[PDB]
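Residue numbers (PDB author numbering), protein chains in the order written: chain H, 0 to 253; chain D, 0 to 254; chain C, 0 to 254; chain H', 0 to 253; chain D', 0 to 254; chain C', 0 to 254. A prime marks a further copy of an entry chain. We put the CB at the ideal spot given by N, CA and C, even for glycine.
Protein chains: 6
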Amino acid sequence: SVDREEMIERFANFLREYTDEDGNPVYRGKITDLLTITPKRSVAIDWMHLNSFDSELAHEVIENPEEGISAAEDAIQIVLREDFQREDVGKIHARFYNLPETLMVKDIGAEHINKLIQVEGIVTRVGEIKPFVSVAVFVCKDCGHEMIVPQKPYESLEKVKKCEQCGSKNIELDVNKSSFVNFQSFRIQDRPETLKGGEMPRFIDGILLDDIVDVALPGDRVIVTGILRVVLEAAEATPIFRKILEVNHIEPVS
Amino acid sequence: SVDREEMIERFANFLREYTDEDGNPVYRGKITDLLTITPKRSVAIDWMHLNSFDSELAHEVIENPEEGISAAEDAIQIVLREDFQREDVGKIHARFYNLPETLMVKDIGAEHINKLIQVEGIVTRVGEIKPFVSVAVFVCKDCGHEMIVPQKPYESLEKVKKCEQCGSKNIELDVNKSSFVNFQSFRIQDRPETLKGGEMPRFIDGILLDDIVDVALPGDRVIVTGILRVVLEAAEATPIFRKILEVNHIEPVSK
Amino acid sequence: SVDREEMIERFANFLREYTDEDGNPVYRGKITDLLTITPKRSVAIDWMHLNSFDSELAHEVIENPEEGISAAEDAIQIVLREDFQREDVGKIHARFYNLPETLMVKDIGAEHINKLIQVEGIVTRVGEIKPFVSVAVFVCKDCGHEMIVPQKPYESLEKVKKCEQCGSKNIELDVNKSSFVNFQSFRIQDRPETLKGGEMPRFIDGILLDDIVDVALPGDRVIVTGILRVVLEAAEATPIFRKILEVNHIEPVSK
Amino acid sequence: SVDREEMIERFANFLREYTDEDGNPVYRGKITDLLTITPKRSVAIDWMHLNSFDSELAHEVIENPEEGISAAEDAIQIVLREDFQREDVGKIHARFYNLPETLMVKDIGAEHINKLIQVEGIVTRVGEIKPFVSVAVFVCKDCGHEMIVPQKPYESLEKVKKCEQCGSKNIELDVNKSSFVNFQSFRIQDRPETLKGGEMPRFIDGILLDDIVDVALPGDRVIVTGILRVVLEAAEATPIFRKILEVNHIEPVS
Amino acid sequence: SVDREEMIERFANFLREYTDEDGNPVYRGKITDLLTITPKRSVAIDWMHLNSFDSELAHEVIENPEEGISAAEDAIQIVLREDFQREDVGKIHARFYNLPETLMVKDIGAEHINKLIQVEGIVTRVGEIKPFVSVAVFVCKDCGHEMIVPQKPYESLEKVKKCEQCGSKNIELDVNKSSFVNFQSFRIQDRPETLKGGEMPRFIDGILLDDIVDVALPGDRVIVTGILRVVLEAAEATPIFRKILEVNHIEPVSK
Amino acid sequence: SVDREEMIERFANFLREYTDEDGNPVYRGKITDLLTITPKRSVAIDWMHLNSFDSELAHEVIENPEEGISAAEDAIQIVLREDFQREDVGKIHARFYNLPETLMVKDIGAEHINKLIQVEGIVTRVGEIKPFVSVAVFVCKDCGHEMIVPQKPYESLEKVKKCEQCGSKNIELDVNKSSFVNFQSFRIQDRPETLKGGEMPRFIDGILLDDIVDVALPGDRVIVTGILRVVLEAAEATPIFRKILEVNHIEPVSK
Ligand SMILES: [Zn+2]
Ligand SMILES: [Zn+2]
Ligand SMILES: [Zn+2]
Ligand SMILES: [Zn+2]
Ligand SMILES: [Zn+2]
Ligand SMILES: [Zn+2]
């Protein structure tokens, strides 16, 4: 695979040196869109672009999306500081799109977990937009010690039983220190027309976070990319699970 | 007894302060968990806890479950607002369990009317799930005045005779404005294995609302807490009554 | 949302202009066909079409099916008059199908009240076909004043108390003046093959009017779209409700 | 994380330099047991040993067992050649044991996929010992071109539709070129005595391969280590899965 | 017709050589898959394939399904042995499907006795699953001689009168030595939707063995192939017969 | 495997020597207790104990329960005689429980024939208690010769054709000489709560003898161990079999 601190620097180069098939730089100018009056919090990275410039890195994102994204997101944090003297901007998302292979929803499940994939389908329903605790800061009300606990949006709220410093159980969730974002679930499946006659269509549930919330309605034809997650479904004599797609990038199909 | 305002205070306290013998802030943690992405709509409260922390209040929810349960629900809403800055959060139920006495169905008398009881028995039947109007919003077709009327699932629907404001006798219940929850009847009785030979087992009908509907099938042995109600027999106009159990909490025995 | 006058415009547009990916003017062609010697009394509209052409309007018929369906039917009548010089043509239904979400019977909650839903399931029962008064014409025996009163098949008959004009309390429903259509109840439920072991299948009653009556027998598996209604349980005066599905479109699954 | 070619060399050092808390080398002599009249095909590596000598590597095995093992197995292949002039020995397994944390069976499922874990429980049943195609060699009967396809024991036999060289569909599985091993499933759960009164015990199914087949009978109390795998269970409207434990090392509890 | 030895040759060929219009070696691939860790115990053979590759043989399995089916099973066993060096592999069934003609239950006559037919209909009933002795091993209590006797699930058990070797009339069936498979009866009939008004639907009983037992529930519409049997009515000693369908292959219609 | 003489030795050992993790001589203590004024007629043996002490023997009682159970019962009789000088003591059963695998009723196949299995399920039915002849003493009316014939409760009564000694064909079963024990049938099945939706629960009939008769009523959930038997369906002369569970040990789940 590839060293983590190295991907960071390898992405910075992509972000800078790249220019498309007409000889025009592009990611320099996407980064500037982060500093308008109404900024964005996301940088859409074409993967065909990243592969034609750095094939060995592009195949590492897919193989390890969790690290691959986290890396590219540090490389954006840097380039904003080195090429634009900014360290005030805060969290920026790196959303990859236009991957090599496009799955139909039915083809997922056969697919492997924790790997970046691309799916095309139709949205059948979307949830209530609700606040998600993405970072929980617990506080000992006895000694004062703070404890940070990061959260996965596909697992319930994880907490801490006792204070790691003084051993006290008298802890509370500090809502102010903690970090919240928007959350919105949705469900896609394969469009009836792309299936055979007596073929039951299949579905998968997704998670949208922060700034890609409220991006879609039912009936929308879409192309999402994200990471599959295995989630508990029922704790039977032996547990069964399902697969949900934590979305990294979504756009409508044209 | 205790007035509402004060019960709510006493409850909000219990929730925040109570700790078990190990020092876990049980009810703080449960309320904390309502901030999870897919929360419960109930908070179960061990009566023995409430009793050890505020015995007068604990004995008060048995005597006046309707008040106590309501107070405890308002307390929860307060803690969510005050200690977690959560507002939009919906109704959260306070369900009490583990009362000091467990009755057999044959022991449930009309003296227990409108108090909280705890019964053990086996489910004989379970009704079909239907919607029930917890909150009926009526609307005048003339002035468009909106009158809110709460209902009880064991009493008949309470309509309005005439508009309270414009005086019009032309009001209907507005379905879109009103609030509904799931409803499901069920029946428990004493198992024959617990009775004298020859003894006819006694039963009682209950009601399950909202998030405890469809929690039991026939053949299940359960422990329920609930407010006993005695309602006039609809069957006739005679002075014979019918015991109904409005369930507050239900769990299966041995789990 | 959209006011009636404007929906009708937006609909008439859709009908005339919409074309599929191949360029066929689907709804023009269907309306054209109403000029055949033995026409249909309905025009089925693929929701996904309406959505791709006028998404705001499409999401509007789900939110307010009663309005949307009514608007679309007025639009059809317009196109027949304007583009085909056809007047006498009777009522033509607008039946929407292929909604984005398909519910199981067990998922149909009272939150869906008065919205359009799409359900899949198996027909358990089918009622006897009877006449229903879509339009009740009442007539005063004194002045001969005629009062028109529309009805809903899931509500009780709305009569008139007294003559609106001469004030007489002597009016009867005139059968010859009134309009009737076929009516037929039916029931669908989830197939056990789709539930957890031990799970009791849930069901729901529906209503078929006019030209979709007698379209299904028991055993059929179907997909219906319809406006969910929640009506007070006639069984009693209690606050318990009953879900009824007023079917807008029905087709068998897989065909 | 760590570079792959590097773990190899890092393991070779462990295998050589290590000596226990009494000052005696150990893995030098385990490797010689591979060259007796009746050799072994496995080297049991204590993890407490690997952690006390190379903490950063030991935590990488657990985090990436698939690579971590494959690495340590190359490092054994080497050390047999460099310190014992042998490249004839063939496939040797690296089986890690005595990990930091021991799960009860019930605690699995909550556990993460593709990570080395350790479980204690009791065997309730064991399967028929049967031959598993671990490496499938397909052959084009037209041009002659060979195609190698490696197999996962928790997924059905994977094949190839057509010849990658000449495009022909006239392919056959060459049983002689292909590689087979023993396979035997089994099932463990938590011992009734370590559970509460009205507590339904939970189970998990395991896979034993090659030389660790037939190692256990029902009733045996055991400590296995392995990698969890998510497997399809039923292709419902949305697919459900289960978790099975591909075993890396098994021994009875004393 | 064809003798057994030669059918097996012709079948082994078909399996190995057959390719579809795209060039896929269908039956090679299916047999290849029996080497997977959890294999099937059947190989389904499209009759239309066999027909296009060896028409005389194909028409032979309809005329003599018992022979053909047996030959095809021996062929499979050969290919596994010869081309995959697999021996221990158990019995593998050859199940034929997609025959040229599909009968309605009302068309199945006794002329079809002992031939292969293909029927479409709806499952009315499904029996309880029971064990059936495919291979009865008898054992003499005196000499310990072992006599193997195959059985048919539609005929009565064929015992042995006396030991074939030591002549002893003291033999019993040995259960441990014998082979059993699952058995399950079922019944199909024509759907009334396919008959004249007033017509009484006709039915027929079938048998499912081994790995096709418990494949259908009532209400399922299916297409089955099977050997028709006509057995004397056990009901009496009269000369009236009963049609039974010994199913070779079953799949649901429309899938 | 192990011959009878040697199993008995190995068993007698286990009984005497076995100790748990705390050092209690469990089976010594149980056998000691048979000297109490009102003893049991059974000694329950935890399989996991026998397995930890003599694994080969333990796996042997599963493979050959009839032998193993019989051997263990002879061992008990020995220990009572040798270590307690007790002779007159009647038959004492050896009932094994807590086997390594627990089957669902649907998993019990004829491969388990004549082995020991452990099943979990719910009692659907319980038969009437009747007497069964464990030991049939037949008596010749001419010479007065006595022939002992043991019986199995799942097979038909084995009589004697003619007197073994005087050759007379005139023998009857002597009731006073014979031994009887209580007999009771029962039936268990899988609970629907444990099956796929739509799945028909499977069941199995069992037999309780002597001191475990009348131990369960319908509705009880139980864990049984027993020797599976497959007996020919008496219903007919067909080759279809019937699974019957000859219960060795039964206890209710969770207690
Ligand atoms: Zn602290
Ligand atoms: Zn008013
Ligand atoms: Zn008038
Ligand atoms: Zn080739
Ligand atoms: Zn003989
Ligand atoms: Zn005699």
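Per DSSP, what kind of secondary structure is residue i in: helix, strand or coil?
i, result
"C/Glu119", "strand"
"D/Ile239", "coil"
"H'/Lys29", "helix"
"D/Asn247", "strand"
"D'/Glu145", "strand"
"C/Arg40", "coil"
"D'/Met103", "strand"
"H'/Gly205", "strand"
Compute the beta-carbon to beta-carbon distance between residue i and residue j, rounded to the nearest angstrom, for a pair I have assumed lies under 8 Å.
i, j, result
"C/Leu115", "C/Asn247", "7 Å"
"C'/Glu235", "C'/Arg241", "About 11 Å separates the two Cβ atoms, so there is no contact after all."
"D/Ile243", "D/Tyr153", "5 Å"
"C/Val221", "C/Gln117", "Not really, about 11 Å apart at Cβ, beyond 8 Å."
"H/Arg94", "H/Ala43", "5 Å"
"C'/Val132", "C'/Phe179", "6 Å"
"C'/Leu49", "C'/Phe83", "Their Cβ separation, rounded to whole angstroms, is 21 Å, which puts C'/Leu49 and C'/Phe83 out of contact at 8 Å."
Residue i and residue j: beta carbons closer than 7 Å?
i, j, result
"D'/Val136", "D'/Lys176", "yes"
"D'/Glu59", "D'/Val138", "no"
"C'/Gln183", "C'/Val229", "no"
"H/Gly197", "C/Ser253", "yes"
"D'/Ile187", "D'/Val122", "yes"
"H'/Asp189", "H'/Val104", "yes"
7 Å is my cut-off, CB to CB: does residue i come that close to chain H?
i, result
"H'/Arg9", "no"
At a cut-off of 6 Å, would you count residue i as near ligand 7, judging by its Cβ distance to the nearest heavy atom?
i, result
"C'/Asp173", "Looking for ligand 7 in the displayed structure turns up nothing; the ligands present are ligand 1, ligand 2, ligand 3, ligand 4, ligand 5 and ligand 6."
So with CB distances below 8 Å, who are the chain D contacts of residue i?
i, result
"C'/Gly218", "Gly218"
Counting only beta-carbon separations shorter than 7 Å, does residue i have a partner in chain D?
i, result
"H/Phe137", "no"
"H/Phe240", "no"
Can you list the residues of chain C that residue i reaches, using a CB-CB cut of under 8 Å?
i, result
"H/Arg124", "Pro99, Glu100"
"D/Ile128", "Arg201"
"D/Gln183", "In chain order: nothing, as chain C lies at least about 10 Å away."
"D/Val212", "Neighbours of D/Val212 on chain C: none; closest Cβ ~12 Å, over 8 Å."
From the beta carbon of residue i, is the nearest beta carbon of chain H' less than 7 Å away?
i, result
"H/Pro64", "no"
"C'/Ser69", "no"
"C'/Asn247", "no"
At a Cβ threshold of 7 Å, is residue i touching chain C?
i, result
"C'/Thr37", "no"
"D/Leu156", "yes"
Name the chain D' residues that come within less than 8 Å of residue i, Cβ to Cβ?
i, result
"C/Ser253", "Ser253"
Is there a Cβ of chain D' sitting closer than 7 Å to that of residue i, yes or no?
i, result
"H'/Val229", "no"
"H'/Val42", "no"
Would you say residue i faces chain C', with C-beta separation under 7 Å as the test?
i, result
"H'/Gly197", "yes"
Determine the chain H residues that contact residue i at a beta-carbon separation under 7 Å, and present them in chain order.
i, result
"D/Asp32", "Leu156"
"D/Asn23", "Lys168"
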